[PDB]
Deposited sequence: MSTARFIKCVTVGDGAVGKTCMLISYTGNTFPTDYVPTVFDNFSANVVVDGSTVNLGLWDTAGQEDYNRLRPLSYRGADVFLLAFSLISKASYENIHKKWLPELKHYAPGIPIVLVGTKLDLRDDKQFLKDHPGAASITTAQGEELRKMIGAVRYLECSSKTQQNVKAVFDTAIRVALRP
């Protein structure tokens, strides 16, 4: 068995940090390792999409033969939230309809940080309920909120991707 898992979404969302977090100057090379799932072993292939948000022609392989997508937005950026439906969904639904999506909300440590939000008035916190609306809207298989700093739910994210890509 072989799984291709691709992290997609805007810039400054933490795509690469999430992956560096999960596994281990922010550089994530294509990574592949054996993991056991409920009995037998699968080969997990993780793909970063960093830079695509800036120039689409940068990453031609992003969508090809993908088994599961992690759509990621920042919990402190409403623009990143809007783009999940305005920009990223039309792409995956063009190149790979019917491939499962896992909604990931990053920067969980910053969301209720009253101090940080005061310091960066432009940043704006997305609620869980708001992330669930977004899950049901883009037909994502599951919504999870995580943090690279903290590491909360990060494994839960990939555990979901792994499980869903073997359906």
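Not built in the structure, per the record, are deposited positions 1-4, 29-36, 180.
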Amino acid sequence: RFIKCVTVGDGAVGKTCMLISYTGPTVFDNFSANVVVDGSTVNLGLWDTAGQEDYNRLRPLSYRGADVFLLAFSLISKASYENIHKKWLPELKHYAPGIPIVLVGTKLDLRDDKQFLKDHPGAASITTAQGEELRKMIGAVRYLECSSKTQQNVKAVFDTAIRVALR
From here on, numbers count along this sequence of modelled residues.
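When all modelled residues of the chain are sorted by CA temperature factor, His120 is found within the highest third.
The entry lists a Cα temperature factor for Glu53 that places it in the middle third of the chain's modelled residues. Among all modelled residues in this chain, the alpha-carbon of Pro100 has a temperature factor (C-alpha) in the highest third. The deposited CA B-factor of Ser148 belongs to the middle third of values across its chain.
Per the PDB record, residue ranking by Cα B-factor puts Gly39 in the highest third of the chain.
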